[PDB]
Amino acid sequence: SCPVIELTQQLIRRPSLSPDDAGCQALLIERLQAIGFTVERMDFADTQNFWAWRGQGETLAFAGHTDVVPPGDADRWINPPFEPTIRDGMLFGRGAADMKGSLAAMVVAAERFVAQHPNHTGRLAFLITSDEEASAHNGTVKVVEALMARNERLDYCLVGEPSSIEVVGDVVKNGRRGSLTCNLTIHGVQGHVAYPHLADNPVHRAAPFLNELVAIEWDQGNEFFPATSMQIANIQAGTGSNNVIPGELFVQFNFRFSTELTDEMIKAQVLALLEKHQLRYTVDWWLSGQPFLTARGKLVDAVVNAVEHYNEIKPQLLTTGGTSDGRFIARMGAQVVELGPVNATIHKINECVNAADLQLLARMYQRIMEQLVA
Amino acid sequence: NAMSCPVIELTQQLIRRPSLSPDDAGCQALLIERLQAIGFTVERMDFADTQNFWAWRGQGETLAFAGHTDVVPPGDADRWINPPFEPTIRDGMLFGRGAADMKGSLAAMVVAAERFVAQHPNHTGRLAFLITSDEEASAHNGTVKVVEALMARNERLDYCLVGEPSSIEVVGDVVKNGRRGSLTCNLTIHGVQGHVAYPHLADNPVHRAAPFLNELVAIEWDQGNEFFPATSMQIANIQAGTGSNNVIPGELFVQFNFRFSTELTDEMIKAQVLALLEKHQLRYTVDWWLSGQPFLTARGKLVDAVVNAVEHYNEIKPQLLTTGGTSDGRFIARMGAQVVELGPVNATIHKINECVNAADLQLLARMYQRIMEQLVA
Ligand SMILES: [Cl-]
Ligand SMILES: [Cl-]
Ligand SMILES: [Cl-]
Ligand SMILES: [Cl-]
Ligand SMILES: [Cl-]
Ligand SMILES: [Cl-]
Ligand SMILES: [Cl-]
Ligand SMILES: [Cl-]
Ligand SMILES: [Cl-]
Ligand SMILES: [Cl-]
Ligand SMILES: [Cl-]
Ligand SMILES: [Cl-]
Ligand SMILES: [Cl-]
Ligand SMILES: [Cl-]
Ligand SMILES: [Cl-]
Ligand code: NA
Ligand code: NA
Ligand code: NA
Ligand SMILES: [Zn+2]
Ligand SMILES: [Zn+2]
């Protein structure tokens with residue numbers, strides 16, 4: 001009997017391409033209801049979510065997503081992406097690593113924990129979405145809005161996103177950068193190269209602004225974050241003709257920003273720089289996430305202790321990579337840490353996860369439950 | 001009135017031929033029959049899809065008239081008052097594709113030749129025509145290939161009048177005595193593509209290029225001269241990225257064009273750009289293309305004859321300018337010829353309801369004839 005592997009395989013075969021749950025939450029809700037959880041479904045548009053809880057008081061929530069990213073050309077995978085296969089101790093399939101293995105490990109951890117501590121003094125909760133990977137307008141963000149609107153208690157959140165580099169627990173994420181995109185259009189006057197005095201080239205007018213923008217140091221980072229990083233992802237002007245002076249320049253730049261900056265600080269600094277260079281512009285901002293950091297506390301201690309119990313060495317506490325639905329849950333004032341399997345193969349062809357690592361992760365999750373909720 | 005209006009008659013005949021570049025649509029056969037009838041020798045020079053001819057009468061000091069039989073597409077036939085290939089006279093104006101650019105000029109210069117030869121049958125100079133069926137499109141197989149053939153055999157060509165429509169309001173108010181060169185740089189700045197989450201593994205070529213672009217757009221190239229404005233540099237195109245806000249691009253494309261005066265060589269422009277690229281320690285690939293060299297006829301017998309002919313018939317001296325419209329002048333300038341452009345009002349060229357003033361065509365033919373008499377009688 002391998003309940004963690006068996007449940008992971010059941011999840012992988014369900015092709016839950018965001019935002020379609022494809023029956024994953026029906027499986028998890030059955031398991032949680034069987035050990036005494038109250039489940040509230042919170043479905044918005046085409047996204048399925050649930051908030052499940054057992055007990056009262058000091059609250060530890062496990063967070064995760066049932067959705068997976070598309071497999072790409074399925075016929076190029078060694079085994080079909082939705083046909084989980086074990087070979088040489090690796091479980092292959094879309095979502096094996098991101099993050100159906102983690103979902104299975106946290107459900108089985110809860111079953112083993114509730115068996116050991118049927119009258120645990122704390123509250124154990126799950127916050128599960130069918131859209132973390134795509135637009136995510138209708139997933140965890142909407143559950144958190146609902147929970148904050150009813151003054152829900154949530155002290156600690158373990159996000160099961162695959163945090164690990166080479167072995168489970170080598171790395172845990174104790175924070176994530178914000179992401180803010182500036183979609184900037186510099187307006188000029190379109191014309192012809194034969195008569196430049198009748199045109200105003202926005203590429204020429206923008207050049208001093210772009211030179212200053214790429215030289216700015218936005219912050220110096222802190223103990224847990226590197227310096228805020230600004231990158232020009234896209235730039236475009238012209239019709240493809242060598243005799244047209246373009247009328248518009250489009251520049252898109254992204255900020256992956258530390259807790260040293262807010263989106264409003266970055267926006268004000270950018271608008272000030274546009275004003276200093278006297279540009280005519282239209283701007284559209286995208287805020288895809290706010291930074292969060294859990295520097296210390298009972299949750300960090302519990303995660304470090306659970307990992308150390310098996311690995312001896314403490315996990316590195318990092319803020320690397322993208323973000324997670326932790327960014328939403330952090331709005332509740334919760335401590336938020338991410339612990340999950342090796343992330344090397346996420347979003348790639350032949351995604352897989354070490355089966356022994358999933359079993360170990362389930363034991364680490366159970367130890368976190370025991371420390372915080374028993 | 002065809003028996004007393006030979007310029008208008010030959011213009012309307014040409015307009016009827018849908019000579020969309022590069023199809024002559026039979027226009028050159030009409031010009032060749034008229035020149036052969038007055039003792040020209042004609043040498044057709046056809047290259048692939050394009051028809052050209054070199055025609056001459058007499059010997060020695062040579063004045064060539066240059067022009068093209070091709071016209072640009074009419075566009076939306078519904079927006080035309082009369083069909084674009086159905087020449088119509090309304091209010092002293094001849095309407096039709098090519099009326100202004102440049103079938104009126106072609107008619108004027110052929111009739112001027114007929115009158116000139118009638119007046120000076122044993123003229124002491126050589127009068128020539130260099131006609132192409134592709135000035136307006138690629139022009140790979142037009143005037144450029146004729147000039148290559150003439151230069152290969154050391155053909156004499158002292159003076160060239162290009163009949164491109166030069167005028168603003170009244171025929172002869174402007175003559176073009178030069179044109180700017182055109183030089184384009186297709187620049188790639190090389191970087192290393194990556195992901196915004198891991199910027200130290202990438203090298204954003206937009207960021208590396210920003211100081212270079214800032215300096216490039218601030219350079220002053222020349223201050224032009226009596227006949228040219230300052231050399232003009234414009235960035236026509238710039239592109240980088242995949243369209244995703246999470247990708248650091250690996251390559252930046254920049255295209256910039258120079259419209260340069262006779263005061264600067266293409267060599268000097270390229271050197272300054274390479275010096276700036278090297279100063280900025282960039283990884284790059286450049287692809288240069290020279291569309292044309294500048295040319296200038298500041299003074300001499302041709303400028304005098306054109307100015308004298310226009311003044312004789314208008315009593316106002318043409319402005320001598322170097323911008324606006326296009327011509328094959330730059331190719332003929334390679335032969336060391338004096339090159340000037342005189343033609344009708346250019347307001348309606350490449351537009352719906354293109355037209356030319358009928359009386360202005362008659363006057364242009366007389367100006368052309370006076371230029372022939374001054375230089376090759
Ligand atoms: Cl198992
Ligand atoms: Cl949805
Ligand atoms: Cl336990
Ligand atoms: Cl208990
Ligand atoms: Cl444009
Ligand atoms: Cl957020
Ligand atoms: Cl006439
Ligand atoms: Cl012949
Ligand atoms: Cl005469
Ligand atoms: Cl004679
Ligand atoms: Cl970084
Ligand atoms: Cl970079
Ligand atoms: Cl790229
Ligand atoms: Cl040239
Ligand atoms: Cl001279
Ligand atoms: Na309790
Ligand atoms: Na002679
Ligand atoms: Na000047
Ligand atoms: Zn995930
Ligand atoms: Zn023309």
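First the proteins, then the strands, lettered A, B, ... as listed; each starts at 1.
Salt-bridge check for B:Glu251 with B:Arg283: failed, with every basic side-chain N at 4.0 Å or more from each acidic carboxylate O. Here A:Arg123 does not pair with A:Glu58 in a salt bridge; the nearest charged N to carboxylate O distance is not below 4.0 Å. Contact check on A:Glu338 versus A:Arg176 returns a salt bridge, with a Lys/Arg side-chain nitrogen under 4.0 Å from an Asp/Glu carboxylate oxygen. Contact check on A:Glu351 versus A:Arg94 returns a salt bridge, with a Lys/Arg side-chain nitrogen under 4.0 Å from an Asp/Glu carboxylate oxygen.
Taking the side chain as every heavy atom from C-beta outward, A:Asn174 and A:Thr319 approach each other to under 4.5 Å. B:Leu252 is listed as a side-chain neighbour of B:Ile238, based on a closest heavy-atom distance under 4.5 Å. Counting heavy atoms from C-beta outward, A:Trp218 and A:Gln269 have side chains that approach closer than 4.5 Å. Side-chain atoms of A:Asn234 and B:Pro249, non-hydrogen and from C-beta on, never get closer than 4.5 Å to each other. Contact check for A:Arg331 versus A:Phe292: no side-chain heavy atoms found under the 4.5 Å cut-off.
In this model, no donor atom of one side chain and acceptor atom of the other lie less than 3.5 Å apart for A:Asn138 and A:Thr47. Using a 3.5 Å distance cut-off with no hydrogens or angles, the side chains of B:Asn246 and B:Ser244 do pair a donor with an acceptor. Side chain to side chain, A:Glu30 and A:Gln33 fail the donor-acceptor criterion of an N or O pair below 3.5 Å. Using modelled atom types and a 3.5 Å distance limit, the side chains of A:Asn343 and A:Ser164 yield no donor-acceptor pair. Under 3.5 Å, the side chains of A:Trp286 and A:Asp284 contain a donor-acceptor pair of N or O atoms. Using a 3.5 Å distance cut-off with no hydrogens or angles, the side chains of A:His65 and A:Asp98 do pair a donor with an acceptor. Side chains of A:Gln10 and A:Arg14: a donor on one and an acceptor on the other come within 3.5 Å. Residues A:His120 and A:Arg54 bring a donor and an acceptor atom of their side chains to less than 3.5 Å of each other. Using a 3.5 Å distance cut-off with no hydrogens or angles, the side chains of A:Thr262 and A:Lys267 do not pair a donor with an acceptor. With hydrogens and angles left out, the side-chain atoms of A:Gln231 and B:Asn204 include a donor and acceptor closer than 3.5 Å. Side chains of A:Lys173 and A:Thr320: a donor on one and an acceptor on the other come within 3.5 Å.
Residues that satisfy the side-chain contact (heavy atoms from CB on, under 4.5 Å) test with A:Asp219, not counting sequence neighbours, are A:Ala227, A:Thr228, A:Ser258, A:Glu260, A:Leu261.
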Quiz item: Are A:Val270 and A:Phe255 close enough, and set up right, to give a side chain to side chain contact (heavy atoms under 4.5 Å, CB included), and what steps lead you there?
Solution: CA-CA 11 Å; A:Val270 169; A:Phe255 297 82; 3.9 Å; yes
Quiz item: So B:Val254 and B:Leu213, side chain to side chain contact (heavy atoms under 4.5 Å, CB included) or not? Walk me through it.
Solution: CA-CA 9 Å; B:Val254 197; B:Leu213 291 176; 4.2 Å; yes
Practice problem: Start with the C-alpha distance between A:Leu91 and A:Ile12, add both sets of side-chain angles, then the distance that settles side chain to side chain contact (heavy atoms under 4.5 Å, CB included), and finish with yes or no. | Solution: CA-CA 10 Å; A:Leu91 172 61; A:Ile12 291 173; 4.0 Å; yes
Self-check item: Worked verdict on A:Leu154 versus A:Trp51 for side chain to side chain contact (heavy atoms under 4.5 Å, CB included)
Solution: CA-CA 12 Å; A:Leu154 205 169; A:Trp51 173 243; 3.6 Å; yes
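Without hydrogens or angle criteria, A:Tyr365 side chain to A:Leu339 main chain gives a donor-acceptor distance under 3.5 Å. A donor-acceptor pair under 3.5 Å is absent between the side-chain atoms of B:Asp203 and the main chain of B:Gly191, judged by distance alone.
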Donor-acceptor contacts, no H, no angles, side chain residues 17-24 of chain A, under 3.5 Å, sequence neighbours left out:
residue : atom : partner : partner atom : Å
A:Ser18 : OG   : A:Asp67 : OD2          : 2.5
A:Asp20 : OD1  : A:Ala22 : N            : 3.0
A:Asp21 : OD1  : A:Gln25 : N            : 3.4
A:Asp21 : OD1  : A:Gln25 : NE2          : 3.4
A:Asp21 : OD1  : A:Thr66 : OG1          : 2.6
A:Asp21 : OD2  : A:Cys24 : N            : 3.1
A:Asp21 : OD2  : A:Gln25 : N            : 2.6

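The six-membered or imidazole ring of A:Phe50 lies away from that of A:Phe126, with a centre-to-centre distance of 6.0 Å or more.
Within 6.0 Å of NE2 on A:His117 lie more than 12 heavy atoms contributed by other residues, nucleotides or ligands. The local environment of CZ in A:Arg363 is sparse, with at most 12 non-hydrogen atoms from other residues, nucleotides or ligands closer than 6.0 Å.
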